[PDB]
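One structure is given below, encoded as structure tokens.
For neighbour counting, all protein chains shown are included, and Cβ atoms are generated from backbone atoms with ideal geometry for every residue, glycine included. Laboratory data are not the source of any read-out in this text; all were calculated from the coordinates shown.
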2 protein chains.
Amino acid sequence: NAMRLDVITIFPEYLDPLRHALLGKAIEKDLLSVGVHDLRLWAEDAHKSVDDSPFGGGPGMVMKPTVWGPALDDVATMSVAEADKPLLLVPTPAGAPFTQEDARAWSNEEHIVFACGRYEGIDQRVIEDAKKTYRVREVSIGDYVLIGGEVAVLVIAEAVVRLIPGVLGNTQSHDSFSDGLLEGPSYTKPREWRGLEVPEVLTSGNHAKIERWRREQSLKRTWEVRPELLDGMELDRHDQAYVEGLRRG
Amino acid sequence: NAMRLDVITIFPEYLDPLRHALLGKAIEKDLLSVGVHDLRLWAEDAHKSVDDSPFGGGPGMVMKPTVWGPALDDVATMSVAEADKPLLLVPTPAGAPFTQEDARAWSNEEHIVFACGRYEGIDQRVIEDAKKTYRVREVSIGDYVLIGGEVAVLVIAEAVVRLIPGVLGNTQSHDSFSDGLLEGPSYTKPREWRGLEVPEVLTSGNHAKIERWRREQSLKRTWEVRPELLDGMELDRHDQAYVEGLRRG
Ligand SMILES: Nc1ncnc2c1ncn2[C@@H]1O[C@H](CSCC[C@H](N)C(=O)O)[C@@H](O)[C@H]1O
Ligand SMILES: Nc1ncnc2c1ncn2[C@@H]1O[C@H](CSCC[C@H](N)C(=O)O)[C@@H](O)[C@H]1O
């Protein structure tokens, strides 16, 4: 019943946070099992080389199929119709964007393997050949350029594992994007701090007005920061009139 | 001349990867200085409490202004006109998206402080009050929900620090999104592996044809995975005709 994550990387230590904070707690609840594997275990030469110059010339290095292929073959055997193949996630800025829908889908997986790139990335034939053994997804965490895939593993792992029942715990298991909108601001005690008062509606005890305030603040934050998300929705008169009030200042 | 990063968190150990791989090398080149601070140092009660129930009712916990405010005040003094204030980055899924343009801008900063949220996040008054001391940016790394802000610090740090001269090193300092397109696939030796041959143009030595192939493959990957990015560009006849050939199959 535990999700198994296997990560193949030249920097195993980068994945130490998979055993910290909430994911570490998930392991102690038998909800998560983590294996981190040094890609160099599969390098044959004495130099433990994992990369080589790109075909076509040009700078940089590309990771070697003769190392990656055996590594992926071996890790797949660690606890065929497509649905029965394990999932292989390959972080790359040229992959389809990671979405909350992906996180929900992947929370159902029994076994996720991650292939972590560095340098120019992994020879593309590794990804194609891996389809014989895995369901393969290339995935970008956003429109920006990282140094390696390891940090993207940590991102995806957080978003996926927190959707496994029991991981968040009784207090946080109850978010942004859920209804197409960003979440608004939150407040706690004291009522007044450094001259700033919590919105008075929140101390009114009136559940209907508090709930409307929360909706307004979500519309307002979305309008401020991601107004194009509102263009994709049909707002009712209450919400549309509120947003028009923002546009008029 | 070194960029200083200070991170405030209830899980300092999560930031251990700031001293691994390339960022660890950057520290050893005097290009980066990292401080990680336990938020609980600023908790007053014997219980070292950093969070409390939200105003308005409802589940979850919100991090306390009476802990965050002093923490941010103290860390700002660690090596006023707006431009002279340090930059405070506050990861939140309700923040403006992190972009490569942000990464370029922030690579010029002398001092970046990160406030890492957990639970429902940080009382919003902390963010507003912090504007007296910092230039403040709320930033989302993507449209998905994480457990804490620590992993988003690792993401932003990779994307920013790799733009500091000297960090990538002579071999990788020369990417996706640079021209609005995703990068295409890369290949290395051997020419044939598991029945898959590297594209023959790449072994032709013809630089003009190789360069055109690289452009086509970038257009193709973008069309496959992010076709809306092509809608935002005026492609010339060579590129538009190529993409139309993809649409016709
Ligand atoms: N936005 C992103 N999402 C997921 N992984 C990323 C990423 N940015 C970089 N990476 C990881 O970091 C590695 C090196 S960056 C590869 C850079 C390439 N020249 C390009 O710009 O397309 C990638 O192979 C991938 O594993
Ligand atoms: N996409 C994202 N980008 C940056 N930080 C994120 C993030 N998702 C979660 N976080 C971090 O994780 C913390 C807890 S998640 C807060 C969840 C909130 N109820 C909501 O859905 O809006 C946030 O406060 C932030 O620090």
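If you take the residues in the range A:38-57 that are surrounded by fewer than 16 Cβ atoms within 10 Å (Cβ to Cβ) and in contact with a helix residue (DSSP H, G or I) (Cβ under 9 Å, 6 or more places away or on another chain), which one is farthest from the other protein chains (Cβ to nearest Cβ)?
In this case the residue turns out to be A:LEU41.
Please work out if A:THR133 is within 14 Å of another protein chain (Cβ to nearest Cβ), among the β-branched types (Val, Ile, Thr) and more than 16 Å from ligand 1 (Cβ to nearest atom). Please lay out each step first, then the result.
On the way: within 14 Å of another protein chain (Cβ to nearest Cβ): yes; among the β-branched types (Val, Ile, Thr): yes; more than 16 Å from ligand 1 (Cβ to nearest atom): yes.
Against the criterion (within 14 Å of another protein chain (Cβ to nearest Cβ), among the β-branched types (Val, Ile, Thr) and more than 16 Å from ligand 1 (Cβ to nearest atom)), A:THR133 qualifies.
Tally time: how many residues in the range B:115-125 are touching a helix residue (DSSP H, G or I) at 6+ places or on another chain (Cβ under 9 Å), farther than 26 Å from A:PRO93 by Cα and in a loop (DSSP other than H, G, I, E, B)?
Total meeting the criteria: 2.
How about the range A:187-204: which of its residues are under 16 Å from B:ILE127 (Cβ atoms) and more than 7 Å from chain B (Cβ to nearest Cβ)?
Across the range A:187-204, the qualifying residues are A:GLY195, A:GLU197, A:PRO199.
For the range B:144-167, enumerate the residues that are among the charged types (D, E, K, R) and at the interface with chain A (Cβ under 7 Å from one of its Cβ atoms).
Keep residues of the range B:144-167 that are among the charged types (D, E, K, R), which gives B:150, B:158, B:162.
Residues satisfying the conditions are B:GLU158, B:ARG162.
Checking B:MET78 against (1) more than 11 Å from chain A (Cβ to nearest Cβ); (2) out of contact with any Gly (no Cβ under 9 Å at 6 or more places or on another chain), which test does it fail?
Exception for B:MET78: condition (2).
Tell me which residues, restricted to the range B:6-37, are over 24 Å from B:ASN170 (Cα atoms) and either more than 10 Å from every other protein chain (Cβ to nearest Cβ) or among the aromatic types (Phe, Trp, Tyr) (or both).
To start, the set of residues in the range B:6-37 that are over 24 Å from B:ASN170 (Cα atoms) comprises B:6-16, B:35-37.
Matches in the range B:6-37: B:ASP6, B:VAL7, B:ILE8, B:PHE11, B:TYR14, B:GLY35, B:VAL36, B:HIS37.
Answer with yes or no whether B:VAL161 is over 30 Å from A:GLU224 (Cβ atoms) and either in contact with a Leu (Cβ under 7 Å, 6 or more places away or on another chain) or of a type in the set (A, V, I, L, M, F, W, C) (or both).
no
Checking A:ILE8 against (1) in contact with an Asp or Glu (Cβ under 7 Å, 6 or more places away or on another chain); (2) buried (at least 16 other Cβ atoms within 10 Å of the Cβ): exactly one of these is not met. Which one?
(1)
What is the residue count in the range A:101-121 for residues that are within 12 Å of chain B (Cβ to nearest Cβ) and touching a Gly at 6+ places or on another chain (Cβ under 9 Å)?
Selection size over the range A:101-121: 6.
Here are some conditions: (1) more than 16 Å from ligand 2 (Cβ to nearest atom); (2) in contact with a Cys (Cβ under 7 Å, 6 or more places away or on another chain). B:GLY195 meets all but one. Which one does it not meet?
(2)
Looking only at the range A:133-169, count how many residues are part of a helix (DSSP H, G or I) and among the basic types (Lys, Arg).
Total meeting the criteria: 0.
Where residues in the range B:160-176 are surrounded by fewer than 24 Cβ atoms within 10 Å (Cβ to Cβ) and of a type in the set (A, V, I, L, M), which of them is farthest from ligand 1 (Cβ to nearest atom)?
Taking the range B:160-176 and keeping what is surrounded by fewer than 24 Cβ atoms within 10 Å (Cβ to Cβ), we get B:162-176.
Narrowing the set further to residues that are of a type in the set (A, V, I, L, M) leaves B:163-164, B:167-168.
Numbers: B:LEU163: 13, B:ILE164: 16, B:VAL167: 13, B:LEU168: 10 Å.
Checking each candidate, the answer is B:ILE164.
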